[PDB]
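**Student:** One structure coming up, written as structure tokens, with questions to follow.
Taken together, the values in this text are just the output of simple stated rules run on the coordinates, not laboratory data. Every residue, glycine among them, receives a Cβ derived from its backbone with ideal geometry; neighbour counts consider all protein chains shown.
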Amino acid sequence: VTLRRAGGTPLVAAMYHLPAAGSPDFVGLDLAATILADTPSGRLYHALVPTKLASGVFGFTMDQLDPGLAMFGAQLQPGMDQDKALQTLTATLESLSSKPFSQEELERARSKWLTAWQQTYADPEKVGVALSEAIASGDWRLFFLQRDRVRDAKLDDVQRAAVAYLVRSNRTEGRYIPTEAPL
Amino acid sequence: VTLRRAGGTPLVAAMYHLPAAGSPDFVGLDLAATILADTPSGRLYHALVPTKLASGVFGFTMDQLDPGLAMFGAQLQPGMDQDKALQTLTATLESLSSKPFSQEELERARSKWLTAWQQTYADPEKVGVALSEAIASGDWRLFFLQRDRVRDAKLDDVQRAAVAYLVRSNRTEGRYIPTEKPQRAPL
């Protein structure tokens, strides 16, 4: 691999199906995702980047899909080992029971979520859109209820939810490997 | 403030449930409460008294109750508003992750505890009473065991325990509001 034509970026991803937004588990997962995907101080980043398995990581939950999905992913430089990054990515995600969330991690997560919420609520374009989604989704309250749930979420509940949801049986894998004179 | 009949002022409180006295976490919370409610040095005071937010501050743990509770309170001045005081009190209790305890704080709190233990131990009426309670609780050793745990506690343990239990999920809120005497002419 002395010569490489300049090209695309290989991708690796793991996706997990979420419970309904109105269900009790959802907020915990959304926080767990938050803890997991933080750059640069997150668990995924440490597992993959300094380690040199990926250039960068991402993660988020996607409530507006039907049904809902949580996605975690990596972008890699060409020639980095795609299988290893995927296995590492999934292992970090599905091993929380061995390495449980700290309160410190959770409070930082909760604080960031609430900050974003307050930002939406304070923004006239945004709140209106958020309420429409809650209404279209069948419960107008749910924009408000999630905030309440985020404040009251116990670490044990977040941990239990992550462990139950971020599991192989709930896992869908995404991969992209970019195709490839006188040289 | 402009006019009030003479009487008591409101007090605001926050209570958090505690682990079992037999748990090692318990001691960490006991010491954390002692750090937190230190007046006037202590954090609660600083947050509330000179902000003229509160007249006075208290905090302690109660292991005789089944189960245990930690209580923190603020005695308000007239016209101080309850909601603010309660909010700042709870917010300061529930934010230790943002501000860690210090070795200095732990050793001072540990010494107060040990002194209190010693006073009880020395005094024959009291020690018997303490041993009785330990026995009722189902472990005779507890009086002695708690002291050793206090001696053995590490700052991270205390810091970790405080942060785990001092949480809104665990919060109960109390307001003692004195009933206002009826207004009288000509005032």
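**Student:** Looking at the stretch B:1-38, which of its residues are part of a loop (DSSP other than H, G, I, E, B) and either of a type in the set (S, T, N, Q) or crowded, with 16+ Cβ neighbours inside 10 Å (or both)?
**Tutor:** Matches in the stretch B:1-38: B:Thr2, B:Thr9, B:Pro10, B:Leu18, B:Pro19, B:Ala21, B:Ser23, B:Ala37, B:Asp38.
**Student:** Kindly establish whether A:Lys126 is under 20 Å from the mean Cα position of the chain (by Cα) and either surrounded by fewer than 17 Cβ atoms within 10 Å (Cβ to Cβ) or not polar (S, T, N, Q) (or both).
**Tutor:** So A:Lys126 fails the test.
**Student:** Here's another thing I want to ask about it. From the list A:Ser55, A:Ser41, A:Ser98, pick out the single residue that is surrounded by fewer than 16 Cβ atoms within 10 Å (Cβ to Cβ), more than 16 Å from the chain's Cα centre (by Cα) and within 28 Å of B:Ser169 (Cβ to Cβ).
**Tutor:** A:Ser98
**Student:** Would you be able to tell me the number of residues in the stretch B:58-94 that are within 14 Å of chain A (Cβ to nearest Cβ) and either basic (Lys, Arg) or more than 15 Å from the chain's Cα centre (by Cα) (or both)?
**Tutor:** Number of matching residues: 1.
**Student:** Also, I was wondering about something else. Suppose we keep only residues that are of a type outside the set (A, V, I, L, M, F, W, C) and within 11 Å of chain B (Cβ to nearest Cβ) within the stretch A:150-167. Which one would you say is surrounded by the most Cβ atoms within 10 Å (Cβ to Cβ)?
**Tutor:** A:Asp157
**Student:** Let me ask another. Considering only the stretch B:168-187, state which residues are within 14 Å of B:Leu86 (Cα to Cα) and within 14 Å of chain A (Cβ to nearest Cβ).
**Tutor:** Selection gives B:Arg168, B:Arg171, B:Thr172, B:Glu173.
**Student:** Within the stretch A:101-122, is there a residue that is more than 14 Å from every other protein chain (Cβ to nearest Cβ), surrounded by fewer than 19 Cβ atoms within 10 Å (Cβ to Cβ) and charged (D, E, K, R)?
**Tutor:** No, every residue in the stretch A:101-122 fails to be more than 14 Å from every other protein chain (Cβ to nearest Cβ), surrounded by fewer than 19 Cβ atoms within 10 Å (Cβ to Cβ) and charged (D, E, K, R).
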